[PDB]
Each structure stands twice: as C-alpha cells, then as structure tokens.
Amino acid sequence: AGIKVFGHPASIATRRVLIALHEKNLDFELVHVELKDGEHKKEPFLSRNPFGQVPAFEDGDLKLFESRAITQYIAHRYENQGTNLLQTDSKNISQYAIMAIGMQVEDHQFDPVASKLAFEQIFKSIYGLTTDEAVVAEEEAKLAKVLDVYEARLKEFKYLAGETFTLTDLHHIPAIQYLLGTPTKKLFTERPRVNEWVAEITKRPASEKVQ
C-alpha cells in the first residue's frame, strides 16, 4: 500500500526517484536494499527487477524499475500536485519531444561520463585505489563538450527543455551533487549559464532533502 522505493540513499539512480517524489510532496517509504551484502542480486529483489539494479518502485499494485521510467510515471500520474515536472503545456507533443531529447542526452552523453568521473575521484579513494589521471582527463574532455552544448542551450532558455524546470534537469541532479565535491567542479563554474543552472537546481528543497 502507498508508494515504496526499493533502493539505497547514496545511489544516483535511487536519488533521481527520491527527488521527483519530494518535488511532488508525496509520502513514501524508502526500503533499504543492502548493496554490500549483494541483496540486489538475490531474491526477493530480483522479482522486482530481474536485472539486479536499484531502484525498484511500487505504487499500490503497480511495480516498476528503471529510474527514468519511474520519474516519468510520477510526473504523469501526479501531474497536478506539487512541482510540474513536465513541460507547462504537457499535451504539446513537439514540446514533449524537446524534453525527451534532453532526457536521452542526459542518459547517453552525460550520465556515463559523470559516473566514471565520480568513481575515479570519490569512490576509488574509499578503498585502496589510486585515481587514474588519464581516465579523469579523457572523461573531463568529454564532459566539457557536453557542457559546451548545455552552455549554448542555456543562453537561449532558462532550463534545458525550455523556460521551466523539468525532468530533463532533475535527472542530472544526483551525479552533479557528487561532482561538486571533486575538482571536476571547475567545469561547471567556468561556464556561466551552466554554473547558474547547477546552483539553481542543487539549491532546490527536494534536491537538498536527498543530499
């Protein structure tokens, strides 16, 4: 009964779902999945997601996985509550397509690079691993290209999909929160519109709740 999220509060993909729920002021339960004990690779979690990845999700009888399918579900199902995470006119098909391009770009261009950069610079340090400075330089060069495109985009519009905050922006937040604690931060601060966009989206109450 009600809304449940099956994940881990440090997980980027889990936080993506958590932020959207808070944006909608929805009540939910966070059911912790213990990644260190391989709980995500065992039953009964595998019955919620056979690919063994956090998060999984429940709204009454509806069972979901994949963070970006979950956020979009939340944005449609609870459209008329809290922050609107869709475009202002959500029935406008061309406007939706524009938001969708950005969501695809976050997934394909931004997320894999931002992840490697977080792994090399934060998570390797945890254990006993030295950060490979060549990977860092190569990935930062890739991230810089992505952010150059974003800079051009944000000269034209207040947010990535148009004049309002949407899922396109929201999906970037968790990876950005981690990158802000690394020297990769400079890539954001050296680009004026990107920098303002990062400051706006990370200062939101829903973003701060999961941090």
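Numbering starts at 1 and follows the sequence shown. What we label the rigid core is the largest C-alpha set whose atoms superpose within 1.5 Å from one form to the other.
The rigid core fit leaves 130-138 as the farther-lying stretch in 5 other deposited structures of this protein, judged by Cα positions and set against 76-84 and 130-138. Rigid core fits of the other structures in 5 other deposited structures of this protein place the C-alpha atoms of one stretch farther away on average; of 154-162 and 38-46, that stretch is 38-46. When 49-57 is weighed against 175-183, 175-183 comes out higher, by mean CA B-factor as recorded in the entry. Judged by mean Cα B factor in the deposited record, 111-119 ranks above the other of 72-80 and 111-119. Out of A97, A134, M103, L85, it is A134 whose C-alpha atom has the highest B-factor in the PDB entry. In this PDB entry, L26 carries a Cα temperature factor that places it within the middle third of its chain's modelled residues. When the CA B factors of the chain's modelled residues are split into thirds, the value for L160 lands in the middle one. Among all modelled residues in this chain, the alpha-carbon of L64 has a temperature factor (C-alpha) in the lowest third. Per the deposited record, the Cα B-factor of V198 falls in the middle third when ranked against the other modelled residues of its chain. Sorting the modelled residues of the chain by their CA temperature factor places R16 in the lowest third.
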